[PDB]
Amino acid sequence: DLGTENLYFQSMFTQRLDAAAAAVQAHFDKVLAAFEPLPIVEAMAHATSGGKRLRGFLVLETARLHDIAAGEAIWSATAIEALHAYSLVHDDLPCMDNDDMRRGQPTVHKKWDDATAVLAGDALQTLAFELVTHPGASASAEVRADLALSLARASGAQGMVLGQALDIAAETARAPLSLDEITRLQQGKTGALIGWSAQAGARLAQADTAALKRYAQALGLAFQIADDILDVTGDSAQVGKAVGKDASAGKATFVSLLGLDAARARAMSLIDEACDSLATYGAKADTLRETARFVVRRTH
């Protein structure tokens, strides 16, 4: 029981999030069906099953906002979910965060072994780029090439991998970071893929990305604050991964620096910032407004 009903999320948001999760899973199923039945591929399927699909949902809903067909947008939605999944397979490794459970199930290296986890994460990164450049993703090659270039910049040693590297350099020193420092780290480690996801609908429509980029800056920070709160107050049965971890690793997080009350308040302010950033879209962006409430109020 995730306690979702108790939160009274808007009907359209709930229906659309449920449909997006089923659509992403169906697309992974179809794409992976073409691959050989070997442990690495089974591990790819394991690692991509489940999840909230926030990032894939952002792609689908920003595409909807820009009148892009769902049948095209699914490619980019699945792509970002593949990229995200790869990052978690590697993060969970013994040499990194060393976690035994993810999404309520054993992690890849636990169910198989470390080599299988390394390779499944490697192939999932590759699959993200296959999915965004597949001709089904857009009738425009310029759009596909730009989606892939942007994804590489979000994902690599200026984006997500940079954030990871900085995080590890902190874990190892058990170092005390300022609020600015953990914010710069967050921007790479988690902000970059959420930014790519929210900008995707505009990129697919060859439209201005500025409003969705601003939206995503707020949303991503709210999301990370919420994640840091769940580590402190959350229930491992609901969250599907171990909690209480950050303290033991000597991690400065938004909660360790600000305290819970002020972290919650900051996340609440960021809902407003995120919603304000959508003003130019008017009512058509209402699902994306409710997404900002979800990212803070979710139990998992």
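Note that residue numbering begins at 1 and tracks the sequence as displayed.
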*Check the entry's C-alpha temperature factors for 216-224 and 176-184, then say which stretch has the higher mean.*
176-184
*Average Cα temperature factor in the PDB entry - higher stretch of 102-110, 143-151*: 102-110
_Sorting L127, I194, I80, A170 by Cα temperature factor from the record, which one lands on top?_
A170
*Considering only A249, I68, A45, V59, which residue's Cα atom bears the greatest B-factor as recorded?*
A249
*Lowest, middle or highest third of the chain for the C-alpha temperature factor of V132?*
lowest
*Ranked by Cα temperature factor within the chain, is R264 in the lowest third, the middle third or the highest third?*
highest
*Lowest, middle or highest third: where is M96 by Cα B-factor in its chain?*
highest
*Position of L257 among the chain's modelled residues by C-alpha B-factor, lowest, middle or highest third*: highest
*C-alpha B factor of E273, ranked within the chain: lowest, middle or highest third?*
middle
